[PDB]
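Here's a solo chain for you in structure tokens, the form deposited in one PDB entry.
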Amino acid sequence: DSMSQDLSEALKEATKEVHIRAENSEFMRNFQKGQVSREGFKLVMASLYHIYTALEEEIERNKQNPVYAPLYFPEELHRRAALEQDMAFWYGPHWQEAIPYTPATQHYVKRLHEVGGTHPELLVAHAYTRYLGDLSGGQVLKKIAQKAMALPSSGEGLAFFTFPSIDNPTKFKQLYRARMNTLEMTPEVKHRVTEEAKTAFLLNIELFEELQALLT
């Protein structure tokens, strides 16, 4: 197998194909072209709320585990608190009972717990997939959402897309990739981590196809 490369390199080469598929999914495609409504935006953000909540809960559970510990950046990355602000903004005071919890979202959340509870050595695959993506297309989707729905530059309703503790996401991404290469990595784990990364992308693709359908 390809163990002659660093985990960050293996992950990038392993997910580049499905990434193109995920990037050109119907829901994302629309969002990219400015075509994004309040109804849909609220659907995906509520979904991300449940997802990041599960991911970050598993991160806390395994924060001391060396298979993940070097990547424990709650202050800089975690989105749960940010998404809670966003839910209050979009759904109001009682968002805990108003926000949806779709099947595709539940599916994603279920795999997150399985990994965090049973296969924690794979958890890095899920943080990698979501966090780095946020740091890459984060400012892009944000500027689009603002132009489309008239969200003020002050950021209310888009806290999720804002990283106040990260000055340069590009530099941080570089740090995160390098830190990923310091994890205990056997040919067995690296092999499985890259596969789980694909699964994460697929889970994201399945969420989008589901939301797109709900909207149409």
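For clarity, a rigid core is taken as the largest C-alpha set superposing within 1.5 Å between two forms. All residue numbers are counted from 1 along the displayed sequence.
Just so it is clear, the following notes concern the form deposited in another entry, a form of the same protein that is not shown.
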item: Which one of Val109, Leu141, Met87, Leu71, by Cα shift of 2 Å or more between this form and the one not shown, core superposed; value: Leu141
item: C-alpha of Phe161 off by 2 Å or more between this form and the one not shown on rigid core; value: no
item: Rigid core fit then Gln32 CA moved by 2 Å or more between this form and the one not shown; value: yes
item: Direction of Cα pair change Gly138-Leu207 in that other deposited form, magnitude 3 angstroms or more; value: farther
item: CA-CA separation of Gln32 and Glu84, closer or farther in that other deposited form than in the form shown [shift of 3 angstroms or more]; value: closer
